[PDB]
Amino acid sequence: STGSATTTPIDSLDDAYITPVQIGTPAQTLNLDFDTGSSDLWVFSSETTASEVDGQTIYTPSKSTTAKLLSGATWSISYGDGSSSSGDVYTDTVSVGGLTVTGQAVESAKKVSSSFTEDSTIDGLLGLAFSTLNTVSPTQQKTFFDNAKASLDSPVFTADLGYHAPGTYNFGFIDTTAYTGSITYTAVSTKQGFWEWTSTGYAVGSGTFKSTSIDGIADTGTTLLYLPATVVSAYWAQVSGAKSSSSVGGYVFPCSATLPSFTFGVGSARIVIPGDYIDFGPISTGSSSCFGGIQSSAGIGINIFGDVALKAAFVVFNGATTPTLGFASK
């Protein structure tokens, strides 16, 4: 089997991407944030505290003839941005782009933090990291991809995120028309539960490539590119007037600037992020200070190849017995 679904930016900045997902019988379609940095499929629901729902579409398990309470199971998750959610668990039929999994754990939110409530466009998350990170207790649950894997034509999914435009998540096949050149594959460590890999270096604009190993995660659920402070300083030093602002929370730059590109290495291959992809717009409405799309990871504990980097490539998440990642230009 295969599946193919379009993923759409939630706003004009590509702050996140939503993909329609069918849950239950008859189908209830919710727009979920596919997140290769986490491993829970959770949804706003009929159980979510009413004051914490503000425009989201909810899953109502009582209206699904295939829903079953997973008795005793609870979940609770906290994300790198400080947001969180928690609740109980049902199993139900879940389909993505024509690919159907029966018995998928659908984690129903009883509580969500303010950032989720305030984002009316995201009805929940669909985690695509390794199932060892799934938070369901006392019986840990498998991701959608893990459950689907055996049925897929090939044990892979691909992320083809658009810049200010829709893109595609495919399951079970590699669309050879969706990228240019060849795909370069690189090793993955699953020891932390992430799609963790080592970039071979970077360049700023037309500058020379610096060979240096940068361990990080491929994370579709993170908006920006978070890299070591040395790398990020080298980038922003090429932008007149750019500075790190503690009050804003990262690097800002004059909105009048033209940003240089940023290149990252994948083995001997190179992925070029155009400068425009690094512009996240005014820090507040009407400001002439703009927020940068490359930020320091120093306070995180891990480097994160988020959407800014991933949307410059066609990315293969290879879930074979030895997982690997593939990157191609497009």
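Things to note:
- Computed from phi, the 3J(HN,Hα) profile of the range 37-48 under the Karplus parametrisation 6.51, -1.76, 1.60 (θ = phi - 60°) reads x, 8, 9, 10, 9, 10, 9, 4, 8, 5, 8, 5 Hz, with x in place of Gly and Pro.
- Measuring spread by the Cα atoms of the range 6-56 yields a radius of gyration and Dmax of 12.4, 35 Å.
- Note on residue 244 and residue 25: the extension gain reaches 73.8 nm, defined as 0.36 nm multiplied by sequence separation minus the Cα-Cα distance.
- Kirkwood-type hydrodynamic radius, the range 5-174: 15.9 Å, calculated from all non-identical alpha-carbon pairs.
- P(r) of the range 223-309 over all Cα-Cα pairs, binned every 5 Å from zero, in whole percent: 3, 15, 26, 28, 18, 7, 3, 1, 0
- Length gained on full extension, residue 191 to residue 121, computed as 0.36 nm times the residue gap minus the Cα-Cα distance: 21.9 nm.
- Inter-probe distance in nm under a simple model that places probes 7 Å from Cα toward Cβ, at residue 198 and residue 284: 4.4
- Amide H contacts of residue 205: 261, 262, 263, each under 5 Å away and 5 or more positions distant or on a separate chain (H built 1.01 Å from N in the peptide plane; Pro and chain starts excluded).
- Net charge dipole, the range 175-330: roughly 220 debye, given to the nearest 20, about the Cα centre with Cβ charges of +1 for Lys and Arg and -1 for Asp and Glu.
- Here the range 175-330 is treated as a Stokes sphere of Kirkwood radius computed over C-alpha pairs; at 37 °C and 0.692 mPa s its diffusion coefficient rounds to 205 µm²/s.
- Per-q log10 I(q)/I(0), the range 76-173, q = 0.12, 0.18, 0.20, 0.21 Å⁻¹ (Debye; single scatterer per alpha-carbon; no solvent): -0.46, -1.02, -1.20, -1.27
- Prolate/oblate/rounded call for the range 132-256, Cα gyration tensor, a/c under 1.5 rounded: prolate
- In the structure shown, the pairs 68/149; 243/330; 142/210; 149/311 are assessed against 29 Å; a Cα-Cα span above that value is assigned to 243/330; 142/210.
- Projected over every direction and averaged, the convex hull enclosing the alpha-carbon atoms of the range 139-185 yields 5.0 nm².
- Within the shell of other residues whose beta carbon sits under 15 angstrom from the beta carbon of residue 312, the net charge comes to -3, with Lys and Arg scored +1 and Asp and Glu -1.
- Residues in the range 297-313 reached by a label modelled at residue 257 [backbone nitrogen below 17 Å; 7 Å Cα→Cβ]: 297
- When 302, 283, 271 are sorted by how many other C-beta atoms sit within 10 angstrom of their C-beta, beginning with the fewest, the order is 302, 283, 271.
- Per residue, the convex hull volume that the Cα atoms of the chain enclose (Å³): 129
- A convex hull fitted to the Cα coordinates of the range 275-327 yields 111 cubic angstrom per residue.
- Per residue, the chain reaches -1500 deg cm²/dmol at 222 nm when only DSSP H runs of four or more residues are counted, each adding -39500 (n - 2.57).
- Protection proxy ranking of 218-229, 287-298, 200-211 - average other beta-carbon atoms within 10 Å, highest first: 218-229, 287-298, 200-211
- Proximity of backbone amide H atoms, modeled 1.01 Å from N, is registered between residue 142 and 105 at under 5 Å, excluding neighbours fewer than 5 places apart on the same chain.
- Separation of the residue 276 and residue 150 label points, Cα + 7 Å toward Cβ, nm: 4.7
- Unit charges on C-beta of K, R, D, E only; dipole of the chain, Debye: 640
- One decimal place: the segment residue 298-residue 229 gains 24.2 nm when fully extended, by the rule 0.36 nm per residue minus the C-alpha distance.
Only the coordinates and a few stated rules stand behind these numbers; no lab work does. Note that each Cβ is placed from the backbone with ideal geometry, even for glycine, and that neighbours are counted across all protein chains shown.
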